[PDB]
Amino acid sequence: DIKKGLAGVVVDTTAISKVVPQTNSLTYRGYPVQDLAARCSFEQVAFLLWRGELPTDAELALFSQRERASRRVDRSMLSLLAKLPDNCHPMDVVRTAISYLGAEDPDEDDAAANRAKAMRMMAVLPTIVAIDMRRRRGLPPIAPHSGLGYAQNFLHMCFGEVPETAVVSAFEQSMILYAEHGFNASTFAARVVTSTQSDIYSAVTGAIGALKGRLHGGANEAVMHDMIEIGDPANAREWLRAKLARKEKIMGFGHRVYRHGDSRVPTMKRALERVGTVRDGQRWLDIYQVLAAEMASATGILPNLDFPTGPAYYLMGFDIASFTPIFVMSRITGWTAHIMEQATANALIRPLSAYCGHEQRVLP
């Protein structure tokens, strides 16, 4: 009996997150994500994910101090970023840069330094993503600012100014909501790489590769491309119906686990509504409502997190092609939590196949 896509197969135990079946609450180390997103910073959530408890005041100060001192890219990195083609997909840049950073890290292959390594990657990723987004618009790097927190800083590095609080806040929430999600394809790839005792950079580079795909993190970018294509809320009804008759996958809808709605969506939809109120986003809110209602009638399939996220990022001012690297910026936390868990309770991940090829044959 063949477990295609490992659907339904329990593959390991984890302490990092759970969907509480009763409420449909996603929890990170026991805490509901909707409450974390409403009340915490990304720094607190990252600490929580790594350590398994909320930080004390002194712990957060040390964590924040190390994060801010780790944001700078070295001269080798600026050079690589300036040199990579500016017409490759932005996920390629993130894939190459992380692999590059791994090579430079004296502790790359020392599994006992994972906490330091994960922190370094979490801190530098926004710097790389901002530079790559900006270089494609003909713009130079804006340095990390040690007076700004994680969310404010990334925004500052993208745009040159910290935007309205409503945008800072919606962005931060997105980072919290994307941070961790069990054994999704990219976290699972990271655990497969880790299962051979390979290093944390190799695992993240593998996870970034998995995340790139249209059926995983590539969806948020694809949601926005679609919304643009639709143009007007008037077109959505026909646009959808036609795509469904071609038996095509609708981006932003569909989940392996959730059957009655993604528990992250209500938080992000509200974030989208606030950003859409502040920045003239009614058009996309309308397309949202219509496309969701038509999907609920035709298929009964409810939106996943990538659906509200796509237009929210568009409205925040990000370039569409950078949506998945921005997902990377957040999911690095979940990823590295899982990598650390896998390394400390490890077994080689090595399944079996059924054969359907040529029967044994003699060399002619």
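Numbering starts at 1 and runs along the sequence shown.
For the two regions 90 to 98 and 257 to 265, the entry's Cα B-factors average higher over 257 to 265. On average the C-alpha atoms of 300 to 308 have higher B-factors than those of the other stretch, with 47 to 55 and 300 to 308 being the two compared. Out of 180, 132, 172, 273, it is 273 whose C-alpha atom has the highest B-factor in the PDB entry.
Ranking 284, 201, 188, 154 by Cα temperature factor from the entry places 284 first. Looking at the C-alpha B-factors along this chain, the one for residue 150 belongs to the lowest third.
Among all modelled residues in its chain, residue 235 ranks in the highest third by Cα B-factor.
Sorting the modelled residues of the chain by their CA temperature factor places residue 218 in the middle third. When the CA B factors of the chain's modelled residues are split into thirds, the value for residue 241 lands in the highest one. Looking at the C-alpha B-factors along this chain, the one for residue 295 belongs to the highest third.
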